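Comments concern the structure below.
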Amino acid sequence: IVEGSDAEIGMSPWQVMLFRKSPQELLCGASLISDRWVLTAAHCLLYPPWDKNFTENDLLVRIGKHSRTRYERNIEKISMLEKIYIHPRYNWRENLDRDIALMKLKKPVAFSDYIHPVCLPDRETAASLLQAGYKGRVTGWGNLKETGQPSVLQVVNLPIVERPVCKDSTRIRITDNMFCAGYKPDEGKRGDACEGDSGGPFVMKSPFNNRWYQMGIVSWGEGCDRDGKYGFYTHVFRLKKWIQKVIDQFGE
Amino acid sequence: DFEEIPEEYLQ
Amino acid sequence: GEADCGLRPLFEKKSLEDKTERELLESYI
Ligand SMILES: Cc1ccc(C(=O)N2CCC[C@H]2C(=O)NCc2cc(Cl)ccc2CN)[nH]1
Ligand SMILES: *[C@@H]1O[C@H](CO)[C@@H](O)[C@H](O)[C@H]1NC(C)=O
Ligand SMILES: [Mg+2]
């Protein structure tokens, strides 16, 4: 996270760390959506340009964390993966279209003060909140700068950007399965996600029922926090039919 | 850079 | 847990607000 701040304790209890077993390192972010299901970006698991193709046994999910590198004894919970499900129409070749994956845990995670699921939006919440100017929150343990690494979970609040402004900022083709966020060079404020924050959630607090909803998944950007560039997020609601299909077919 | 984790999860 | 989703034990469950959630609410016009 670039131009963010340290998260408060229990501020993002759905935040999940995707952790590589060997060498021991942070791979990505992810989010807890039930006691058995974790949501992340498909590119965190499969990205052939970088020779990335992780299998279940290669990874651990660490839930309830705050410190990036420390083992947070009696707080964090470490879970093993039962199965990885990548969107069948995930487009790693061009623009990371449908950058979404689900991970089913071997055992259910016990909820606590530091571990709690985020909601998934329904059509009404998405239509009400996914609007230009409305701000969401991005969290992660990723790089602090494009060209170092934080001691604890970082947080940044960022405004959703108008689709024409998103499209005009880049040469990449932007799809309806993406939305973009960040400040315009003229706004004065800064911030973005960066490498290592992918798979993490873009959340919004509904002013109707006071619950936190995961509207986006940290996906891609041209660098980190560049003027005139924006961060791109997977549109969770647009891919909810796939989410529900996977959960309905492979059990909750 | 990462503090070691219990072996029960690494196996 | 769908029923209780998105309600934080250290915040919403205790009617405590975090330091920057007000910035999100203010943006929802
Ligand atoms: C122009 C372009 C092609 C691919 C990427 C990209 O961002 N990738 C390729 C695979 C990993 C992912 C990444 O770095 N995501 C993190 C990220 C996410 C966001 Cl929202 C903003 C910036 C960044 C940092 N580039 N960007
Ligand atoms: C990823 O690995 C699996 C084996 O675990 C293989 O079947 C699959 O074809 C690989 N995908 C790519 C795109 O390399
Ligand atoms: Mg920018």
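How things are named: the first chain in the structure tokens is A, the next is B, and so on; residues count from 1 in each chain; ligands count from 1 in the order shown.
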Selection within 10 Å of ligand 3 by only C-alpha atoms and all ligand atoms, output as a PyMOL selection string: chain A and resi 169+181-185+189-193+221-231
Skipping near chain neighbours, those fewer than 2 positions away, what residues fall within 12 Å of residue 54 (chain A) using only C-alpha atoms, listed as a list in words?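 So the residues in contact are residues 18, 19, 20, 21, 22, 27, 42, 43, 44, 45, 46, 47, 48, 50, 51, 52, 56, 57, 58, 59, 60, 81, 83, 84, 85, 86 and 103 of chain A.
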Keeping N, CA and C atoms for every residue in the selection just given, could you write it to a file as an mmCIF file, in the first residue's frame?
```cif
data_model
loop_
_atom_site.group_PDB
_atom_site.id
_atom_site.type_symbol
_atom_site.label_atom_id
_atom_site.label_comp_id
_atom_site.auth_asym_id
_atom_site.auth_seq_id
_atom_site.Cartn_x
_atom_site.Cartn_y
_atom_site.Cartn_z
ATOM 1 N N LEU A 18 -1.874 -14.545 1.926
ATOM 2 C CA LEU A 18 -1.524 -15.753 1.154
ATOM 3 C C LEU A 18 -0.015 -15.904 1.361
ATOM 4 N N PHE A 19 0.387 -17.051 1.930
ATOM 5 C CA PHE A 19 1.787 -17.243 2.332
ATOM 6 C C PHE A 19 2.446 -18.433 1.641
ATOM 7 N N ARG A 20 3.622 -18.209 1.041
ATOM 8 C CA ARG A 20 4.337 -19.304 0.387
ATOM 9 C C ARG A 20 5.102 -20.080 1.469
ATOM 10 N N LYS A 21 4.942 -21.413 1.482
ATOM 11 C CA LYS A 21 5.604 -22.335 2.425
ATOM 12 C C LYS A 21 7.136 -22.330 2.301
ATOM 13 N N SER A 22 7.672 -22.374 1.057
ATOM 14 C CA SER A 22 9.124 -22.417 0.802
ATOM 15 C C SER A 22 9.532 -21.836 -0.565
ATOM 16 N N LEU A 27 2.793 -13.850 -0.474
ATOM 17 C CA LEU A 27 2.485 -13.930 -1.901
ATOM 18 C C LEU A 27 1.488 -12.850 -2.292
ATOM 19 N N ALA A 42 -7.130 -14.315 -9.089
ATOM 20 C CA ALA A 42 -6.639 -15.491 -9.829
ATOM 21 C C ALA A 42 -5.155 -15.389 -10.151
ATOM 22 N N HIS A 43 -4.637 -14.180 -10.403
ATOM 23 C CA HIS A 43 -3.238 -13.989 -10.759
ATOM 24 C C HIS A 43 -2.278 -14.289 -9.603
ATOM 25 N N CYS A 44 -2.815 -14.297 -8.366
ATOM 26 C CA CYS A 44 -2.035 -14.631 -7.182
ATOM 27 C C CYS A 44 -1.685 -16.110 -7.209
ATOM 28 N N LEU A 45 -2.485 -16.913 -7.933
ATOM 29 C CA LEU A 45 -2.302 -18.356 -8.024
ATOM 30 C C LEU A 45 -1.775 -18.802 -9.392
ATOM 31 N N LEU A 46 -2.227 -18.142 -10.471
ATOM 32 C CA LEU A 46 -1.865 -18.522 -11.832
ATOM 33 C C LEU A 46 -1.543 -17.298 -12.634
ATOM 34 N N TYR A 47 -0.263 -17.138 -13.005
ATOM 35 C CA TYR A 47 0.183 -16.047 -13.845
ATOM 36 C C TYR A 47 1.368 -16.564 -14.692
ATOM 37 N N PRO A 48 1.042 -17.246 -15.826
ATOM 38 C CA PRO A 48 2.119 -17.803 -16.691
ATOM 39 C C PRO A 48 3.219 -16.838 -17.152
ATOM 40 N N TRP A 50 4.930 -14.878 -15.421
ATOM 41 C CA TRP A 50 5.903 -14.892 -14.319
ATOM 42 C C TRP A 50 6.187 -16.329 -13.834
ATOM 43 N N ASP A 51 5.775 -17.350 -14.622
ATOM 44 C CA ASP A 51 5.894 -18.788 -14.316
ATOM 45 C C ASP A 51 5.222 -19.182 -12.989
ATOM 46 N N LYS A 52 4.156 -18.441 -12.640
ATOM 47 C CA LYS A 52 3.383 -18.672 -11.429
ATOM 48 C C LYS A 52 2.218 -19.625 -11.730
ATOM 49 N N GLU A 56 -2.386 -26.151 -4.211
ATOM 50 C CA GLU A 56 -2.855 -26.081 -2.822
ATOM 51 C C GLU A 56 -1.749 -26.323 -1.811
ATOM 52 N N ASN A 57 -0.916 -27.367 -2.038
ATOM 53 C CA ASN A 57 0.138 -27.752 -1.104
ATOM 54 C C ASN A 57 1.292 -26.767 -1.029
ATOM 55 N N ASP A 58 1.377 -25.833 -1.980
ATOM 56 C CA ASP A 58 2.434 -24.830 -1.984
ATOM 57 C C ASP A 58 2.159 -23.681 -1.022
ATOM 58 N N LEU A 59 0.899 -23.547 -0.556
ATOM 59 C CA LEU A 59 0.486 -22.358 0.198
ATOM 60 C C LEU A 59 -0.220 -22.575 1.513
ATOM 61 N N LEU A 60 -0.212 -21.515 2.325
ATOM 62 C CA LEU A 60 -0.948 -21.416 3.578
ATOM 63 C C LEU A 60 -1.728 -20.106 3.542
ATOM 64 N N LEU A 81 -5.003 -25.278 2.530
ATOM 65 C CA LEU A 81 -6.004 -25.263 1.469
ATOM 66 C C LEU A 81 -6.417 -26.639 1.033
ATOM 67 N N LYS A 83 -8.834 -26.878 -1.716
ATOM 68 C CA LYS A 83 -8.945 -26.742 -3.167
ATOM 69 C C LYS A 83 -8.928 -25.277 -3.609
ATOM 70 N N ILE A 84 -8.288 -25.026 -4.752
ATOM 71 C CA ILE A 84 -8.227 -23.728 -5.421
ATOM 72 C C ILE A 84 -9.213 -23.789 -6.592
ATOM 73 N N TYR A 85 -10.053 -22.729 -6.777
ATOM 74 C CA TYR A 85 -10.975 -22.634 -7.919
ATOM 75 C C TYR A 85 -10.718 -21.321 -8.627
ATOM 76 N N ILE A 86 -10.235 -21.373 -9.880
ATOM 77 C CA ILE A 86 -9.947 -20.148 -10.644
ATOM 78 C C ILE A 86 -11.079 -19.929 -11.636
ATOM 79 N N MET A 103 -10.649 -20.121 -2.596
ATOM 80 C CA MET A 103 -9.823 -21.132 -1.929
ATOM 81 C C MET A 103 -10.659 -21.702 -0.808
#
```
Identify all chain C residues at most 7 Å from chain A by counting only C-alpha atoms; ligands do not count. Present them as a list in words.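 Using only C-alpha atoms, chain C residues at most 7 Å from chain A: residues 1, 2, 5, 6, 7, 8, 9, 10, 24, 25, 27 and 28 of chain C.
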Let's have the selection written as an mmCIF file, in the first residue's frame, with C-alpha atoms.
```
data_model
loop_
_atom_site.group_PDB
_atom_site.id
_atom_site.type_symbol
_atom_site.label_atom_id
_atom_site.label_comp_id
_atom_site.auth_asym_id
_atom_site.auth_seq_id
_atom_site.Cartn_x
_atom_site.Cartn_y
_atom_site.Cartn_z
ATOM 1 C CA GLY C 1 -20.937 -16.579 8.763
ATOM 2 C CA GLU C 2 -23.383 -14.790 6.412
ATOM 3 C CA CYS C 5 -20.971 -10.772 8.039
ATOM 4 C CA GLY C 6 -19.211 -7.386 7.853
ATOM 5 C CA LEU C 7 -19.760 -6.467 11.517
ATOM 6 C CA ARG C 8 -16.418 -6.165 13.249
ATOM 7 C CA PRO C 9 -16.117 -7.471 16.854
ATOM 8 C CA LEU C 10 -13.875 -4.516 17.887
ATOM 9 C CA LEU C 24 -16.071 6.847 3.550
ATOM 10 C CA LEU C 25 -19.501 7.877 4.924
ATOM 11 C CA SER C 27 -18.143 10.404 0.329
ATOM 12 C CA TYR C 28 -21.557 8.587 0.095
#
```
With distances taken over only C-alpha atoms and all ligand atoms, which of A:98, A:123, A:93, A:173 is nearest to ligand 2?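 So, comparing all the options, the nearest one is A:93.
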Proximal residues of chain A relative to chain B (only C-alpha atoms; 12 Å) as number ranges by chain: A: 19-26, 57-62, 67-73, 76-81, 106, 149-151
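One finds CA of residue 152 (chain A) at 19.2 Å from CA of residue 11 (chain C).
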Select from chain C everything DSSP, run on the backbone, classes as alpha helix (DSSP H), then give the selection as an MDAnalysis selection string. chainID C and resid 21:27
Can you pull out the residues contacting residue 240 (chain A)? Cut-off 12 Å, using only C-alpha atoms, and skip same-chain residues under 4 positions away; I want them as an MDAnalysis selection string. chainID A and resid 39 87 98 100:102 119:123 126 177 214:216 234:236 244:248
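Nearest residue to ligand 2 among A:147, A:139, A:31, A:91 is A:91, counting only C-alpha atoms and all ligand atoms.
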Counting only C-alpha atoms and all ligand atoms, the residue of A:174, A:104, A:164, A:95 that sits nearest ligand 1: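 Using only C-alpha atoms and all ligand atoms, the shortest distance to ligand 1 belongs to A:95.
A straight line drawn from atom 11 (N, counted along the ligand's line) of ligand 2 to CA of residue 94 (chain A) is 16.1 Å long.
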Which distance in Å separates CA of residue 160 (chain A) and CA of residue 89 (chain A), to one decimal?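 Distance reported for this atom pair: 24.9 Å.
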